[PDB]
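Residue numbers (the numbering used here), protein chains in the order written: chain B, 1 to 420; chain D, 1001 to 1420.
For every residue, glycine included, the Cβ atom is placed at its ideal position computed from N, Cα and C.
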Ligand code: HEM
Ligand code: HEM
Ligand SMILES: C[C@H](O)[C@H](O)[C@H]1CNc2nc(N)[nH]c(=O)c2N1
Ligand SMILES: C[C@H](O)[C@H](O)[C@H]1CNc2nc(N)[nH]c(=O)c2N1
Ligand SMILES: NC(=[NH2+])NCCC[C@H](N)C(=O)O
Ligand SMILES: NC(=[NH2+])NCCC[C@H](N)C(=O)O
Ligand SMILES: [Zn+2]
């Protein structure tokens, strides 16, 4: 009733009950009289530049996580359970923090993905390769750990999901941070004509890189150098071995003139600017990767007005009346581009998933999560594809959104906080 | 500020400050721990049945509306204002209700559209023809009023926005209801051999009509009979003069086989099942109409799996690779289809707007409203088109959704509560 929230699919009339939401702790930004559900960053964890968890705040968080952990392995309240609780309990009193066991790290990492409401690929949550890198101490050690990750996940094209976790944060002792937004991403340059070469989204970062010595090739698809920071020290540039950055040349299965557009994209989507949170611990560096859903590249990266914005030129090549928006020429070109993207990746044998199947699998994931967990936090706004929304099952799916921990949060850009 | 909610557009990086949300008092259905912004009927102030308001509940509401109404005209705290307040207050305790002047009714109708968070066409809000049918007493009277609306509104294909407001709710006389979801819509028949002929969304209503004496043509696009109810009396059937129902045969500007798909739609979209609420008064019968956005018919009405579901047939004809969804045949079919729809209308001089022009307009509207009004409640989930969402400006725009009064609300189906 008042607690048994319901979610129904208006296409298949199936109604599911959500109880998991009750275990929620954090706030969504939505109040009783207003809904912020479309606000990108409610700032309810963009982790401002201030203090951190207190010895007090930290244990309860640990207790909850540890309790979660033992229920899952079917050892709730067991001596082993009580034991690690006092152990962690003591560890914090003395050290003002603690360390997670390998079993606890893998679990929490897989669950920060399971609770990522904006992710449509969470049906893969249980298959994640965790790379404990907490022993790292330098920018060179970081680069080695990263290269190993990029190579493991790219797997010659047969992508694999994986995440690398570097040393948890401390306090005024400083921390680790990958300054890139993603391990692999093209550069962006501002032309004299006010125009912009390459990826407009990475313009400021690229200037940081070139400003730190990087020799920019000044091309359309220039892979950026890694700008790793360790222990709270100045970041150090590091170019990724080219044979390790898999790329796909985009071509259409009908338009021979497609290749002529000079389009290409990278195979591995690895987000690296987020913060993994487990048992109260903040992991400022935890690059993770999986594989692309066509539209990410095709619709968003290529056609976004702010990104490459290739719709116009692609329309011309098709000979479409771009005079009236009523022709739906932007729409027509858009479907062609994304057909090209899935075509290439598939031809080059690189892993990728189209929005139709991706969204369908997510519906099964949802049916699973309700069945075995009693819920599944989902951000409708993010979960629905940025093209052909209506024809995907998730458009008619009603989703409940709440914040569960372990989780992935946004955090400030290191160059708006790093002194010197 | 710390109470001046700021919304941003992640394409132009334009940030607007909303102070208007402060004037809302009603529930959204969300809390700090949960967001139900993707829930269709977030049961949080829909429109309770049984009895109705009360002297206690009514005056404050009426007061809020009037102070608001007199501020619009710039007479707050004037003689007309003060005197008007007391007349109402007086008339309420005596008659246990009150009537709205003709000026206050037009202001309420218009502003209930202005506050419709799920409407993208709101730039027209001020341009509205209000038809006062508060003198109506019988179904035959209701039909005459409806007929006059359809004609004024249709205007030979040069559509005009209008609304017919019937008598408000009382207690015992009883509601005036239009049992039809939309003034003009096609029937749906579920054949014994599983199939559904015509619109599957109208199968339930069609069965009521047939049960009330309607003789069914039993076809694919049979315009349904009006089923009207006056003063709480049993509803009665009324056919709408064919010459009053403007229709449009759908054809494609390049594909001549489209003609043979056998499609046509009505040019006038008139919602008639919502409840208009003004100054505490509830108008159960208030059909309203404007003009269509291409996608409503092209994506939703024609392509939804639970409606006319015509993607397959169109694809085969186009002969797309329907073997694997990575060919995006569904995306390709959906575009041509919507091109055909916008084509057919514009050719038959029937008013219609494409999702590109609409969203571009809702944006300028939002900005103007933030300027003059201080905000604009909007529902991202409904405002973004069901196709090519990201290439439309609204997708990259943040929207604050909240409840303002006057407003249009959902109300139970008349057949699930009408006694005898
Ligand atoms: C099976 C492969 C995967 C697919 C198909 C997938 C797909 C997606 C999609 C479409 C988005 C939208 C991104 C955007 O629009 O910017 C997304 C976001 C996200 N995914 Fe997944 N995902 C996968 C694997 C992963 C992995 C391995 C993790 C972490 C362990 C993860 C965590 C998330 C998070 C945190 C977001 C939020 C992005 C943001 O806030 O900018 N995903 N994913
Ligand atoms: C000028 C032409 C108009 C356009 C192009 C426009 C467009 C739209 C669209 C695209 C929807 C979505 C409906 C759906 O997805 O099922 C909608 C919904 C809505 N519009 Fe407008 N609108 C127009 C006129 C009006 C008028 C005259 C009113 C009332 C005075 C109005 C009130 C609303 C409301 C209350 C909804 C919510 C529908 C619901 O909750 O089911 N609109 N409109
Ligand atoms: C303003 C709005 O929240 C923003 O544009 C959102 C909408 N939905 C999205 N959905 C996904 N998957 N990715 C995005 O970047 C966005 N952007
Ligand atoms: C479940 C979900 O809220 C529902 O399918 C919504 C999504 N957005 C929509 N947007 C519009 N304009 N119309 C709709 O009917 C819907 N349906
Ligand atoms: N499938 C993923 N894990 N994607 C992560 C984000 C990738 C980003 N949206 C891009 O397309 O560049
Ligand atoms: N443009 C409008 N006023 N539309 C009102 C709703 C029409 C409805 N979505 C339909 O396609 O039948
Ligand atoms: Zn919300």
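Neighbourhood of residue i by C-beta, 6 angstroms cutoff - its chain only, sequence neighbours within 5 removed
i                      : result
residue 1175 (chain D) : 1169, 1232 and 1284
residue 1008 (chain D) : 1015 and 1398
residue 1026 (chain D) : 1045 and 1403
residue 353 (chain B)  : 293
residue 1278 (chain D) : 1108 and 1406
residue 1258 (chain D) : 1251, 1252 and 1340
residue 1359 (chain D) : 1392, 1393 and 1394
residue 417 (chain B)  : 49
Under the three-state DSSP convention, the category residue i falls into
i                      : result
residue 314 (chain B)  : helix
residue 1 (chain B)    : coil
residue 249 (chain B)  : strand
residue 1257 (chain D) : coil
residue 1143 (chain D) : helix
residue 1082 (chain D) : helix
residue 94 (chain B)   : helix
residue 150 (chain B)  : helix
residue 1405 (chain D) : coil
residue 331 (chain B)  : helix
residue 118 (chain B)  : coil
residue 1107 (chain D) : helix
residue 289 (chain B)  : strand
residue 184 (chain B)  : coil
residue 1337 (chain D) : helix
residue 1169 (chain D) : coil
Close-in-space but distant-in-sequence residues of the same chain around residue i (CB under 7 angstroms, 5 per side omitted)
i                      : result
residue 4 (chain B)    : 17 and 19
residue 303 (chain B)  : 309, 310, 311, 334 and 337
residue 1195 (chain D) : none
residue 1086 (chain D) : none
residue 245 (chain B)  : 184, 223 and 266
residue 138 (chain B)  : 230
residue 297 (chain B)  : 265 and 341
residue 111 (chain B)  : 406
residue 1055 (chain D) : 1092, 1093 and 1096
Residues near residue i by beta carbon distance below 8 angstroms, same chain, minus five either side
i                      : result
residue 1290 (chain D) : 1121, 1124, 1159, 1161 and 1269
residue 983 (chain D)  : Limits of chain D in this structure are 1001 at one end and 1420 at the other, which puts residue 983 (chain D) out of reach.
residue 1116 (chain D) : 1122, 1407 and 1408
residue 355 (chain B)  : 293, 294, 295, 385, 387, 388 and 392
residue 320 (chain B)  : 327, 329, 332 and 333
residue 1041 (chain D) : 1410
Rounded Cβ spacing between residue i and residue j (contact assumed at less than 8 angstroms)
i                      : j                      : result
residue 229 (chain B)  : residue 179 (chain B)  : 6 angstroms
residue 1197 (chain D) : residue 1209 (chain D) : No, residue 1197 (chain D) and residue 1209 (chain D) are not in contact; Cβ-Cβ is about 15 angstroms, not under 8 angstroms.
residue 441 (chain B)  : residue 250 (chain B)  : Residue coverage of chain B in this structure runs from 1 to 420, which leaves residue 441 (chain B) outside it and unanswerable.
residue 216 (chain B)  : residue 199 (chain B)  : Actually they are not in contact, since the Cβ atoms of residue 216 (chain B) and residue 199 (chain B) sit about 13 angstroms apart, beyond 8 angstroms.
residue 1219 (chain D) : residue 1351 (chain D) : With a Cβ gap of about 26 angstroms, residue 1219 (chain D) and residue 1351 (chain D) do not count as contacting.
residue 205 (chain B)  : residue 181 (chain B)  : 7 angstroms
residue 1053 (chain D) : residue 1275 (chain D) : Between residue 1275 (chain D) and residue 1053 (chain D) the Cβ distance is about 13 angstroms, and since that is not below 8 angstroms, they are no contact.
residue 314 (chain B)  : residue 363 (chain B)  : That belief does not hold up - the Cβ atoms of residue 314 (chain B) and residue 363 (chain B) are roughly 31 angstroms apart, past 8 angstroms.
residue 1235 (chain D) : residue 1212 (chain D) : 7 angstroms
residue 361 (chain B)  : residue 248 (chain B)  : About 22 angstroms; that fails the 8 angstroms criterion.
residue 28 (chain B)   : residue 1081 (chain D) : Actually they do not touch by this definition, with Cβ atoms about 41 angstroms apart.
(Q) Give the list of continuous alpha helix (DSSP H) stretches no shorter than 4 residues that lie fully inside the region 339-383 of chain B. (A) Counting only runs of 4+ residues, the alpha helix (DSSP H) found wholly inside the region 339-383 of chain B occupies 355-372 and 380-383, in chain order.
Q: Check distances from the C-beta atoms of the region 286-317 of chain B to those of chain D and list, in chain order, the residues that come in under 9 angstroms.
A: Only those residues of the region 286-317 of chain B whose C-beta falls short of 9 angstroms from the nearest C-beta of chain D are listed: 294, 295, 299, 300, 303, 304, 305, 306 and 311.
Q) Of all the residues that make up the region 67-89 of chain B, which are near chain D by a beta-carbon distance shorter than 8 angstroms? A) Within the region 67-89 of chain B, contact with chain D at the beta-carbon level (separation under 8 angstroms) is assigned to no residue.
Q: Note down, one range per segment and in chain order, each alpha helix (DSSP H) of at least 4 residues found wholly within the region 5-76 of chain B.
A: Runs of the alpha helix (DSSP H) inside the region 5-76 of chain B: 55-72.
Q. Using a Cβ cut-off of 7 angstroms, which residues of the region 1366-1392 of chain D contact any Cβ in chain B, in chain order?
A. When CB distances to chain B are screened at a threshold of 7 angstroms, the residues of the region 1366-1392 of chain D falling below it are 1380, 1381, 1386, 1387, 1388, 1389, 1390 and 1391, in chain order.
Q: Taking a Cβ distance cut-off of 9 angstroms, strictly less, list which residues of the region 1323-1344 of chain D are near chain B, in chain order.
A: Taking 9 angstroms as the upper bound on Cβ-Cβ separation, chain B lies near residues 1324, 1325, 1326, 1327, 1328, 1330, 1331, 1332, 1334, 1335, 1336, 1338, 1339, 1342 and 1343 of the region 1323-1344 of chain D.
(Q) If the cut-off is 8 angstroms on Cβ atoms, which residues from the region 1031-1055 of chain D count as contacting chain B, listed in chain order? (A) Contacts with chain B (Cβ-Cβ distance below 8 angstroms) from the region 1031-1055 of chain D involve 1031, 1032, 1033, 1034, 1035, 1036, 1037, 1038, 1039 and 1040, listed in chain order.
Q.
Taking beta-carbon pairs under 9 angstroms, can you tell me which members of the region 395-409 of chain B lie near chain D?
A. So the close ones are 395, 396, 397, 398, 399, 400, 401, 402 and 403.
Q.
Report the start-end ranges of each alpha helix (DSSP H) in the region 201-229 of chain B that is 4 residues or longer and not cut off at the edges.
A. Entirely contained in the region 201-229 of chain B, the alpha helix (DSSP H) runs reaching 4 residues are, in chain order, 203-210.
Q: Pull out every residue of the region 1004-1017 of chain D whose Cβ sits closer than 8 angstroms to any Cβ of chain B, in chain order.
A: Answer in chain order: 1005, 1007, 1008, 1010 and 1011.
Q: Taking a Cβ distance cut-off of 7 angstroms, strictly less, list which residues of the region 242-261 of chain B are near chain D, in chain order.
A: In summary, no residue of the region 242-261 of chain B has a CB separated from any CB of chain D by less than 7 angstroms.
Q. In the region 204-237 of chain B, which residues sit with their C-beta less than 7 angstroms from some C-beta in chain D, listed in chain order?
A. Per Cβ criterion, the list is empty.
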